[PDB]
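A.B. asks: So that we are looking at the same thing, I have put the structure below in structure tokens.
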Amino acid sequence: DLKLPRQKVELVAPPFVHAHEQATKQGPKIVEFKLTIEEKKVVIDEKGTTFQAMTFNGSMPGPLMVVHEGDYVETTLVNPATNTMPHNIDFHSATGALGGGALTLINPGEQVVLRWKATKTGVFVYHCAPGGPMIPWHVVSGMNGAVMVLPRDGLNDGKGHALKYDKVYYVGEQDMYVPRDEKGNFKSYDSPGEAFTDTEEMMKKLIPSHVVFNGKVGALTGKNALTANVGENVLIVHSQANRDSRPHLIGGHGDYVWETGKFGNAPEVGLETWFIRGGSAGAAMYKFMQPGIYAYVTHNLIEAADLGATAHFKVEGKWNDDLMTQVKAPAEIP
Amino acid sequence: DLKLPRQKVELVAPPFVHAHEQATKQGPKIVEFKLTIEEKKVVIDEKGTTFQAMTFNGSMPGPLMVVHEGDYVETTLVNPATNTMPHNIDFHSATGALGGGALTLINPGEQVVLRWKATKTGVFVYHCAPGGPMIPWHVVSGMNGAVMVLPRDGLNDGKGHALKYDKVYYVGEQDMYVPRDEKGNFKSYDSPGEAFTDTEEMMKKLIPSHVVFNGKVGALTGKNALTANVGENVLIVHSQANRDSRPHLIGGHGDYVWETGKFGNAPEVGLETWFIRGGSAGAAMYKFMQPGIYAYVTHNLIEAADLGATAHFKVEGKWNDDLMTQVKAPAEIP
Amino acid sequence: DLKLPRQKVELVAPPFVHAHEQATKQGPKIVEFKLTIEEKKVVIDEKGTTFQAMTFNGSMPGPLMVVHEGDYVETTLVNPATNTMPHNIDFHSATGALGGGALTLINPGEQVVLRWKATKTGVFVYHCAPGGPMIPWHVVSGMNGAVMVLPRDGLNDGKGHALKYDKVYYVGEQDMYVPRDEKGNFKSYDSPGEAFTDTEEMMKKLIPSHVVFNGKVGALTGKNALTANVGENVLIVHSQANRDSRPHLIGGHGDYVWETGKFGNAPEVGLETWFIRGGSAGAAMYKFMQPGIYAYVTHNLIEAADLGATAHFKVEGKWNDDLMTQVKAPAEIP
Ligand SMILES: OC[C@H]1O[C@@](CO)(O[C@H]2O[C@H](CO)[C@@H](O)[C@H](O)[C@H]2O)[C@@H](O)[C@@H]1O
Ligand SMILES: OC[C@H]1O[C@@](CO)(O[C@H]2O[C@H](CO)[C@@H](O)[C@H](O)[C@H]2O)[C@@H](O)[C@@H]1O
Ligand SMILES: OC[C@H]1O[C@@](CO)(O[C@H]2O[C@H](CO)[C@@H](O)[C@H](O)[C@H]2O)[C@@H](O)[C@@H]1O
Ligand SMILES: O=N[O-]
Ligand SMILES: O=N[O-]
Ligand SMILES: O=N[O-]
Ligand SMILES: O=N[O-]
Ligand SMILES: O=N[O-]
Ligand SMILES: O=N[O-]
Ligand SMILES: [Cu+2]
Ligand SMILES: [Cu+2]
Ligand SMILES: [Cu+2]
Ligand SMILES: [Cu+2]
Ligand SMILES: [Cu+2]
Ligand SMILES: [Cu+2]
């Protein structure tokens, strides 16, 4: 019926992204992906707070899927019998049936296969959306990720010049709502079902207890810091499925930024801080000019420093004293 | 003095918009509108919660006024003796006197006539603004709507091509602050005056109890769903007079979006989610490609699913399997 | 080593800005600035509420520094022995070492000299960032300001036409977190250290007690209103180092707006309300067309009217009845 070549993709866990071409001479293909839902209790902070998570492929965020404009994305969604709830998937990149959600509702023990054509370029959120009050709950429990649909000629600056990245990372930000008991300690639950009543009362007050990248406080730091070298052009894809974020690379800039995340629009240049609308993904690229540590944060600094929303980059290379120099080191006031 | 032709407009209740031309060969006219203030107790949710509303023309939002660049808008504002408070009107589209507010303060029993020239194209908020602490209270009680000022040549994509809509809807989003008693039930009041003290304490904490389109949970659903057909280009005008919103059409896109709402700027293309700044209106147009149900939401999903901010479209036409198809229906895992 | 001419600047307190050229025939210079940190208890509202402030040069916000693209900015930061905490400075305009913060940490009694090259045009935040949980606390205590880096040819509209302002004001917005005691009154503290524990618990709940321009409720009103005349083009630079804002000039517009604040991007035109992302500065220019009072607010009106975020302009000149007129004054309903 639809007679195109098929290509399988092996998804990798964020913040890494599966191998792909930017500009390509391939024509349209059916690109095949598989997502398996996992409900699990996880640790979200350095004090040992636990959380009833619901995930695609066992990670928060779900993995980034990368295709090109005109491809057909065929996803097998699997809800094993070890889960307790029905789940589905909705792609903001897709057209019709509530983004696919109306065609993908599966009980524990079932799977479904959905195909959608990638007619719109950019980065887009996907998330679970089973219906009614379950929709927010599933999403803030971790069931969201993103897809990137590239132009076949790769990215451009709007002003006919190509924009090629040397690497891409995917930072998924997650607002989490963990209730406290009378003592003021965070509560733990035996199942997602049991967490629901207390969690929903807290959610409706709209203030998260934690805001984290890659599912945990400190996930993208120390040994798991993002890396680059001076001279490298890095693309950072940032998603937030429920709540606004304001990304900022401390010590750097957004050289080229698509804050609404859609490549039919020219990027903005030379930003300090950009804005990711809740329910969207955006993308920023920067060429590193200096070595050392950078922090990538949401620039509500309370959220960054106290609620979990800080990642690090470690950058190698030579210090440029023309760009910045300590003229005189700390010394007593004359 | 000002010797131009006069044209009366009969306003219609949102989400409908009074009949108007897009591109027009008419020159400037004085366009005449009348707004009558109504204070009333209304029901805002399916559990029967009540609210002391203050409205233009008896609706939340007030009706959309549509004119063209260079027109003169002459508004008669009427505050009948059955109301209890002074009221006025401020147009963000207008220049001078706090948008008209400083020239339109009227006690119960009075009316006033204001004229302003429409020098700026786009969609703009209007709202009551009597002075001091009353300003937020009147606005979050429902006294806000919007005006659309069209270019005389109609809308364009910035890239010399015309953008004609087949229909336009106006979705006004309202953040509401209903206090709870010691039990945890929503309180009811006999008058706006009596609601004021409890309402103001809640407002200053910045978290709404409800966020609704067209004045009530479920207002734009079921029999009152928005409608379209595959192939129709629909313009959705969205306003929020006090608090940010992030509109999203589930299963669709914003083909052409003016998120800051001003037609001197080219629209952005192919958005998933857009951002309406508190105190502004924006506009998005989409051509439907698939039939079925779509939800139009703010993509803070807690607000959408739990606080009231969801509308529906029912779209007629033929399903397009090239864009999306269920390859295999729900089935047991092999 | 770096052999360029040196120029000293005398900083002035906001909302004024030190004298500078827009378009300039000067080449790159080393521009020298000095900032002295002051910790002090201040009054932030008309009821006499006090607050433990931490400031650059004794003001909230810190003063605006103005330079041109390609200049080298050399800042002497001074932390006198009368202060109690270590401090530093981070410039969003600068490249490397966490914006300078990693090179400027000074204990009470010390000073440091940092030089950075201004490679990026626009308005940018600077703020203290000592490390960890101290970062948000220092910033919301008042330790933030902004810098403007102008193109050497001055500003343009993107469409080759020059945009010259007759004056510029700097409005720094500050979200403040003052705890309440059991009575419900605001608490006072003897030192910043003692304020810390209660302040941090409140901060993590993300709702400010006050939102103020220029450090106090009513600071930019009455005798300290901003001024202009009909026909004057005024540039308003607005910063928020931690939390989003949505500026709006009541009775006017943003004729040309850089809401992300970066002059490599063309401005948007004819805005009603614009958006300043937390951790950024933006800039709007407007030519006054009418005399009288204007209010400049964040258009969350609860914040504007009840939490402190309102400034005034008093504009002189002749009223234009073509733009707006009271056709009929308040009168009894026929
Ligand atoms: O970056 C997108 C932006 O650039 C323009 C040229 O200003 O178009 C380039 O990008 C388009 C999308 O990739 C190409 O189709 C086009 O051929 C190319 O010039 C704008 O039209 C667009 O908004
Ligand atoms: O969509 C507005 C955008 O388009 C441009 C052309 O890129 O101007 C078209 O729209 C203007 C406003 O309607 C017209 O006056 C103009 O003649 C037409 O080309 C841009 O200038 C504008 O920002
Ligand atoms: O306003 C910036 C915007 O204008 C353009 C022309 O559309 O470039 C003008 O501004 C640049 C930055 O000041 C100049 O370097 C350029 O020479 C001038 O045309 C755009 O390129 C830019 O995004
Ligand atoms: O399931 N945990 O690795
Ligand atoms: O302590 N239990 O809510
Ligand atoms: O006044 N109610 O229809
Ligand atoms: O129950 N009254 O606040
Ligand atoms: O230190 N006060 O002016
Ligand atoms: O009243 N003291 O928290
Ligand atoms: Cu789910
Ligand atoms: Cu969604
Ligand atoms: Cu009113
Ligand atoms: Cu307003
Ligand atoms: Cu400090
Ligand atoms: Cu910063």
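Chain lettering (A, B, ...) mirrors the order of the structure tokens, residue numbering begins at 1 for each chain separately, and ligand numbering begins at 1 in order of display.
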With only C-alpha atoms as the counted atoms, please give the residues lying no more than 7 Å from segment 94-105 of chain B, apart from itself and same-chain residues fewer than 3 positions off, as a list in words.
C.D. replies: residues 86, 87, 88, 89, 90, 91, 112, 116, 117, 118, 129 and 130 of chain B; 250, 251, 252, 290, 292, 294, 323, 324 and 326 of chain C
A.B. asks: Any chance you could list, as JSON, numbers by chain, the residues in segment 52-298 of chain C that come up strand (DSSP E or B) when DSSP is run on the backbone?
C.D. replies: {"C": [52, 53, 54, 55, 56, 59, 64, 65, 66, 67, 68, 72, 73, 74, 75, 76, 77, 78, 79, 87, 90, 91, 106, 110, 111, 112, 113, 114, 115, 116, 117, 122, 123, 124, 125, 126, 127, 144, 145, 146, 147, 148, 149, 150, 153, 155, 156, 162, 163, 167, 168, 169, 170, 171, 172, 173, 174, 175, 176, 180, 186, 210, 211, 212, 213, 226, 227, 228, 229, 233, 234, 235, 236, 237, 238, 239, 240, 245, 247, 248, 249, 250, 254, 255, 256, 257, 258, 268, 269, 270, 271, 273, 276, 280, 281, 282, 283, 284, 285, 286, 287, 292, 293, 294, 295, 296, 297, 298]}
A.B. asks: Using only C-alpha atoms and a cut-off of 8 Å, which residues of chain C sit close to chain A? Please list them as number ranges by chain.
C.D. replies: C: 78, 80, 92-100, 103-106, 109-117, 120-121, 124, 132-133, 135-136, 203-206, 241-243, 260-262, 264-265, 277-280
A.B. asks: Produce a file of the selected residues containing C-alpha atoms, as a PDB file, in the first residue's frame.
C.D. replies:
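Saved result, out14.pdb, follows:
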ATOM      1  CA  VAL C  78      34.634  46.296  45.881  1.00  0.00           C
ATOM      2  CA  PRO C  80      34.006  46.747  51.935  1.00  0.00           C
ATOM      3  CA  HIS C  92      25.287  37.733  30.880  1.00  0.00           C
ATOM      4  CA  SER C  93      26.995  39.871  28.199  1.00  0.00           C
ATOM      5  CA  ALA C  94      30.362  38.197  28.874  1.00  0.00           C
ATOM      6  CA  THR C  95      31.942  34.950  27.624  1.00  0.00           C
ATOM      7  CA  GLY C  96      33.612  32.462  29.983  1.00  0.00           C
ATOM      8  CA  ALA C  97      34.069  31.707  33.706  1.00  0.00           C
ATOM      9  CA  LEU C  98      30.349  31.654  34.480  1.00  0.00           C
ATOM     10  CA  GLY C  99      30.080  35.204  33.105  1.00  0.00           C
ATOM     11  CA  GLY C 100      32.925  36.406  35.353  1.00  0.00           C
ATOM     12  CA  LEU C 103      36.950  35.126  38.710  1.00  0.00           C
ATOM     13  CA  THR C 104      35.355  37.719  41.024  1.00  0.00           C
ATOM     14  CA  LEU C 105      34.610  36.066  44.381  1.00  0.00           C
ATOM     15  CA  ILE C 106      35.650  38.568  47.118  1.00  0.00           C
ATOM     16  CA  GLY C 109      37.672  43.804  52.755  1.00  0.00           C
ATOM     17  CA  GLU C 110      38.682  42.808  49.201  1.00  0.00           C
ATOM     18  CA  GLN C 111      38.348  44.036  45.635  1.00  0.00           C
ATOM     19  CA  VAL C 112      38.917  42.493  42.220  1.00  0.00           C
ATOM     20  CA  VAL C 113      39.296  43.727  38.661  1.00  0.00           C
ATOM     21  CA  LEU C 114      37.708  41.856  35.717  1.00  0.00           C
ATOM     22  CA  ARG C 115      37.885  42.687  32.016  1.00  0.00           C
ATOM     23  CA  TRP C 116      35.569  41.274  29.348  1.00  0.00           C
ATOM     24  CA  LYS C 117      35.098  42.077  25.697  1.00  0.00           C
ATOM     25  CA  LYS C 120      27.281  40.687  21.755  1.00  0.00           C
ATOM     26  CA  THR C 121      24.878  43.620  21.259  1.00  0.00           C
ATOM     27  CA  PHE C 124      21.923  41.996  29.437  1.00  0.00           C
ATOM     28  CA  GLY C 132      24.759  26.999  45.361  1.00  0.00           C
ATOM     29  CA  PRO C 133      21.679  28.192  47.345  1.00  0.00           C
ATOM     30  CA  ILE C 135      22.791  32.356  44.151  1.00  0.00           C
ATOM     31  CA  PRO C 136      18.994  32.885  44.271  1.00  0.00           C
ATOM     32  CA  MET C 203      11.411  31.492  48.206  1.00  0.00           C
ATOM     33  CA  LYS C 204      11.060  27.770  47.501  1.00  0.00           C
ATOM     34  CA  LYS C 205       7.263  28.242  47.377  1.00  0.00           C
ATOM     35  CA  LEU C 206       7.823  30.656  44.422  1.00  0.00           C
ATOM     36  CA  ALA C 241      16.954  38.654  37.014  1.00  0.00           C
ATOM     37  CA  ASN C 242      14.777  35.829  38.421  1.00  0.00           C
ATOM     38  CA  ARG C 243      11.107  35.883  37.349  1.00  0.00           C
ATOM     39  CA  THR C 260      14.496  39.199  24.168  1.00  0.00           C
ATOM     40  CA  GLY C 261      16.650  42.308  24.332  1.00  0.00           C
ATOM     41  CA  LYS C 262      19.241  41.602  21.602  1.00  0.00           C
ATOM     42  CA  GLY C 264      21.211  41.551  16.261  1.00  0.00           C
ATOM     43  CA  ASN C 265      17.459  40.793  15.919  1.00  0.00           C
ATOM     44  CA  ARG C 277      12.004  36.360  30.540  1.00  0.00           C
ATOM     45  CA  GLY C 278      13.329  35.837  34.060  1.00  0.00           C
ATOM     46  CA  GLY C 279      17.116  36.171  33.763  1.00  0.00           C
ATOM     47  CA  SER C 280      17.020  38.719  30.965  1.00  0.00           C
TER      48      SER C 280
END
A.B. asks: What's around residue 178 of chain A at 10 Å? Count only C-alpha atoms, leave out sequence neighbours fewer than 4 positions away in its own chain, and write the answer as an mmCIF file with N, CA and C atoms, in the first residue's frame.
C.D. replies:
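Saved result, result30.cif, follows:
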data_model
loop_
_atom_site.group_PDB
_atom_site.id
_atom_site.type_symbol
_atom_site.label_atom_id
_atom_site.label_comp_id
_atom_site.auth_asym_id
_atom_site.auth_seq_id
_atom_site.Cartn_x
_atom_site.Cartn_y
_atom_site.Cartn_z
ATOM 1 N N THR A 49 14.524 11.229 48.449
ATOM 2 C CA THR A 49 13.105 11.309 48.150
ATOM 3 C C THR A 49 12.740 10.374 46.992
ATOM 4 N N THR A 50 11.646 9.639 47.134
ATOM 5 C CA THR A 50 11.162 8.739 46.104
ATOM 6 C C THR A 50 9.932 9.351 45.415
ATOM 7 N N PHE A 51 9.591 8.755 44.285
ATOM 8 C CA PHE A 51 8.580 9.255 43.382
ATOM 9 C C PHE A 51 8.053 8.118 42.528
ATOM 10 N N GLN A 52 6.738 8.089 42.331
ATOM 11 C CA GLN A 52 6.116 7.079 41.498
ATOM 12 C C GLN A 52 6.186 7.617 40.076
ATOM 13 N N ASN A 185 7.882 16.192 55.908
ATOM 14 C CA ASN A 185 8.702 15.319 55.080
ATOM 15 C C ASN A 185 7.915 14.852 53.860
ATOM 16 N N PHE A 186 8.656 14.536 52.793
ATOM 17 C CA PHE A 186 8.037 14.090 51.562
ATOM 18 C C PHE A 186 7.483 12.701 51.794
ATOM 19 N N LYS A 187 6.318 12.428 51.219
ATOM 20 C CA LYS A 187 5.658 11.148 51.408
ATOM 21 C C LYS A 187 6.117 10.146 50.348
ATOM 22 N N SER A 188 6.078 8.856 50.716
ATOM 23 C CA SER A 188 6.361 7.784 49.778
ATOM 24 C C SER A 188 5.118 6.921 49.618
ATOM 25 N N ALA A 195 -0.608 7.101 45.110
ATOM 26 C CA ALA A 195 -0.018 8.431 45.092
ATOM 27 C C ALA A 195 -1.005 9.459 44.534
ATOM 28 N N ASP A 198 -3.303 12.363 46.793
ATOM 29 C CA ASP A 198 -2.474 13.408 47.403
ATOM 30 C C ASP A 198 -1.755 14.246 46.331
ATOM 31 N N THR A 199 -1.388 13.585 45.251
ATOM 32 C CA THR A 199 -0.603 14.222 44.196
ATOM 33 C C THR A 199 -1.499 15.227 43.461
ATOM 34 N N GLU A 200 -2.744 14.825 43.186
ATOM 35 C CA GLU A 200 -3.685 15.663 42.451
ATOM 36 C C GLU A 200 -4.048 16.919 43.253
ATOM 37 N N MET A 202 -2.132 18.460 45.296
ATOM 38 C CA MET A 202 -0.972 19.329 45.212
ATOM 39 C C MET A 202 -0.826 19.968 43.836
ATOM 40 N N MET A 203 -1.061 19.159 42.789
ATOM 41 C CA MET A 203 -0.932 19.613 41.414
ATOM 42 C C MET A 203 -1.840 20.822 41.181
ATOM 43 N N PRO A 208 5.397 23.178 41.896
ATOM 44 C CA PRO A 208 6.120 21.919 42.011
ATOM 45 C C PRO A 208 7.019 21.901 43.231
ATOM 46 N N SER A 209 7.246 20.673 43.724
ATOM 47 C CA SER A 209 8.201 20.431 44.790
ATOM 48 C C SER A 209 9.614 20.303 44.238
ATOM 49 N N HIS A 210 9.743 19.825 42.999
ATOM 50 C CA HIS A 210 11.039 19.639 42.378
ATOM 51 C C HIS A 210 10.914 20.032 40.912
#
A.B. asks: Name all residues at most 7 Å from residue 286 of chain C (count only C-alpha atoms; drop same-chain ones fewer than 3 positions away) and give them as a PyMOL selection string.
C.D. replies: chain C and resi 233-235+253-256
A.B. asks: Convert the current residue selection to file output with N, CA, C and O atoms, as a PDB file, in the first residue's frame.
C.D. replies:
ATOM      1  N   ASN C 233      10.965  60.405  21.639  1.00  0.00           N
ATOM      2  CA  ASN C 233      11.179  58.976  21.537  1.00  0.00           C
ATOM      3  C   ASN C 233      11.952  58.490  22.766  1.00  0.00           C
ATOM      4  O   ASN C 233      13.065  58.923  23.031  1.00  0.00           O
ATOM      5  N   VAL C 234      11.309  57.656  23.574  1.00  0.00           N
ATOM      6  CA  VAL C 234      11.889  57.207  24.829  1.00  0.00           C
ATOM      7  C   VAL C 234      12.179  55.704  24.757  1.00  0.00           C
ATOM      8  O   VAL C 234      11.303  54.952  24.338  1.00  0.00           O
ATOM      9  N   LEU C 235      13.386  55.303  25.183  1.00  0.00           N
ATOM     10  CA  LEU C 235      13.787  53.908  25.273  1.00  0.00           C
ATOM     11  C   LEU C 235      13.622  53.497  26.734  1.00  0.00           C
ATOM     12  O   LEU C 235      14.116  54.184  27.636  1.00  0.00           O
ATOM     13  N   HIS C 253       2.042  52.296  23.609  1.00  0.00           N
ATOM     14  CA  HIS C 253       2.392  51.089  22.898  1.00  0.00           C
ATOM     15  C   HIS C 253       3.910  50.943  22.963  1.00  0.00           C
ATOM     16  O   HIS C 253       4.631  51.847  23.384  1.00  0.00           O
ATOM     17  N   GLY C 254       4.386  49.780  22.533  1.00  0.00           N
ATOM     18  CA  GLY C 254       5.778  49.594  22.182  1.00  0.00           C
ATOM     19  C   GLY C 254       5.926  49.719  20.669  1.00  0.00           C
ATOM     20  O   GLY C 254       5.567  48.792  19.935  1.00  0.00           O
ATOM     21  N   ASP C 255       6.338  50.900  20.206  1.00  0.00           N
ATOM     22  CA  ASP C 255       6.502  51.143  18.787  1.00  0.00           C
ATOM     23  C   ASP C 255       7.532  50.173  18.184  1.00  0.00           C
ATOM     24  O   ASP C 255       7.305  49.604  17.116  1.00  0.00           O
ATOM     25  N   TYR C 256       8.666  49.994  18.869  1.00  0.00           N
ATOM     26  CA  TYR C 256       9.744  49.098  18.475  1.00  0.00           C
ATOM     27  C   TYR C 256      10.196  48.374  19.739  1.00  0.00           C
ATOM     28  O   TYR C 256      10.545  49.024  20.709  1.00  0.00           O
TER      29      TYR C 256
END
A.B. asks: Collect all residues with atoms no farther than 7 Å from ligand 7, counting only C-alpha atoms and all ligand atoms, and output them as a PyMOL selection string.
C.D. replies: chain B and resi 181-183
A.B. asks: Those same residues, written as a PDB file, in the first residue's frame with N, CA, C and O atoms?
C.D. replies:
ATOM      1  N   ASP B 181     -14.006  27.978  52.323  1.00  0.00           N
ATOM      2  CA  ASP B 181     -14.288  28.163  53.748  1.00  0.00           C
ATOM      3  C   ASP B 181     -13.419  27.169  54.510  1.00  0.00           C
ATOM      4  O   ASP B 181     -12.633  26.460  53.884  1.00  0.00           O
ATOM      5  N   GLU B 182     -13.610  27.038  55.834  1.00  0.00           N
ATOM      6  CA  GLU B 182     -12.780  26.118  56.607  1.00  0.00           C
ATOM      7  C   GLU B 182     -12.994  24.666  56.159  1.00  0.00           C
ATOM      8  O   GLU B 182     -12.026  23.904  56.094  1.00  0.00           O
ATOM      9  N   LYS B 183     -14.236  24.293  55.797  1.00  0.00           N
ATOM     10  CA  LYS B 183     -14.534  22.949  55.300  1.00  0.00           C
ATOM     11  C   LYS B 183     -13.670  22.574  54.086  1.00  0.00           C
ATOM     12  O   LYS B 183     -13.328  21.406  53.892  1.00  0.00           O
TER      13      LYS B 183
END
A.B. asks: Once you count only C-alpha atoms and all ligand atoms, which residues end up within 9 Å of ligand 4, and could you hand them over as JSON, numbers by chain?
C.D. replies: {"A": [38, 40, 41, 42, 58]}
A.B. asks: Check segment 46-287 of chain A with DSSP on the backbone and list each residue it calls helix (DSSP H, G or I), as number ranges by chain.
C.D. replies: A: 97-103, 134-140, 192-203, 222-224
A.B. asks: Enumerate residues in contact with ligand 1: an atom-to-atom distance of at most 7 Å, counting only C-alpha atoms and all ligand atoms. Format the result as a list in words.
C.D. replies: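 These are the residues that qualify: residues 151, 155, 156, 157, 158, 159, 160, 263, 264, 265, 266 and 267 of chain A.
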A.B. asks: If we count only C-alpha atoms and set the cut-off at 6 Å, which residues sit around residue 45 of chain A, ignoring sequence neighbours fewer than 2 positions away in its own chain? Please answer as a list in words.
C.D. replies: residues 47, 48, 49, 216 and 217 of chain A
A.B. asks: With a distance cut-off of 8 Å and only C-alpha atoms, select the neighbouring residues of segment 17-31 of chain A, excluding the residue or stretch itself and same-chain residues fewer than 2 positions from it, and output the selection as an MDAnalysis selection string.
C.D. replies: chainID A and resid 4:15 33 63:74 150:155 164 168:170
A.B. asks: Take the selection from the previous step and output its residues with C-alpha atoms, as a short mmCIF file (atom, residue, chain, number, x, y, z; two decimals), in the first residue's frame.
C.D. replies:
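So the final result, stored in result-v8.cif, reads:
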data_model
loop_
_atom_site.label_atom_id
_atom_site.label_comp_id
_atom_site.auth_asym_id
_atom_site.auth_seq_id
_atom_site.Cartn_x
_atom_site.Cartn_y
_atom_site.Cartn_z
CA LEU A 4 8.66 2.94 0.87
CA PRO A 5 11.97 1.62 2.31
CA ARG A 6 11.92 0.85 6.05
CA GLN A 7 14.65 1.87 8.53
CA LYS A 8 14.88 0.73 12.15
CA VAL A 9 16.28 3.10 14.81
CA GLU A 10 17.86 2.02 18.11
CA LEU A 11 16.81 4.67 20.63
CA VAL A 12 19.33 5.83 23.22
CA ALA A 13 18.65 7.24 26.68
CA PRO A 14 18.75 11.06 27.15
CA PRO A 15 20.64 13.25 27.14
CA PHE A 33 10.66 3.06 16.58
CA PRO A 63 14.15 9.35 24.26
CA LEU A 64 14.47 11.81 21.41
CA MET A 65 13.30 10.50 18.04
CA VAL A 66 14.97 12.07 15.01
CA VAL A 67 13.57 11.99 11.45
CA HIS A 68 13.42 14.19 8.38
CA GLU A 69 10.58 16.12 6.78
CA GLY A 70 8.38 13.78 4.66
CA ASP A 71 9.32 10.62 6.55
CA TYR A 72 6.66 8.37 7.97
CA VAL A 73 7.19 7.59 11.65
CA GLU A 74 5.92 4.19 12.68
CA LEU A 150 14.86 18.03 10.36
CA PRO A 151 14.69 19.67 6.91
CA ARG A 152 16.32 17.42 4.32
CA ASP A 153 18.88 20.15 3.63
CA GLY A 154 19.71 20.41 7.37
CA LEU A 155 19.41 23.62 9.45
CA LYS A 164 25.70 22.32 11.23
CA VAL A 168 23.20 17.42 20.03
CA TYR A 169 21.95 16.87 23.57
CA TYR A 170 18.36 16.53 24.74
#
A.B. asks: Between B:213, B:16, B:296, B:313, which one has atoms that come closest to ligand 11, using only C-alpha atoms and all ligand atoms?
C.D. replies: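 Among the listed residues, B:296 lies closest to ligand 11.
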A.B. asks: Counting only C-alpha atoms and all ligand atoms, which of A:140, A:149, A:315, A:163 gets nearest to ligand 10?
C.D. replies: A:140
A.B. asks: Pick the closest to ligand 5 from A:297, A:221, A:180, A:227: which is it, counting only C-alpha atoms and all ligand atoms?
C.D. replies: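 Smallest separation from ligand 5 among the options: A:180.
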A.B. asks: Suppose you want the space between atom CA of residue 229 of chain B and atom CA of residue 60 of chain B; what is it in Å?
C.D. replies: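 Atom CA of residue 229 of chain B sits 26.9 Å away from atom CA of residue 60 of chain B.
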A.B. asks: In Å, rounded to a single decimal, give me how far atom CA of residue 211 of chain C is from atom CA of residue 39 of chain C.
C.D. replies: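 Answer for the atom CA of residue 39 of chain C to atom CA of residue 211 of chain C separation: 19.6 Å.
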A.B. asks: Which residues are near residue 59 of chain B? Cut-off 10 Å, only C-alpha atoms, ignore same chain within fewer than 3 positions. Put them as a ChimeraX atom specification.
C.D. replies: /B:12-14,37-38,53-56,62-63,142-145,214-215
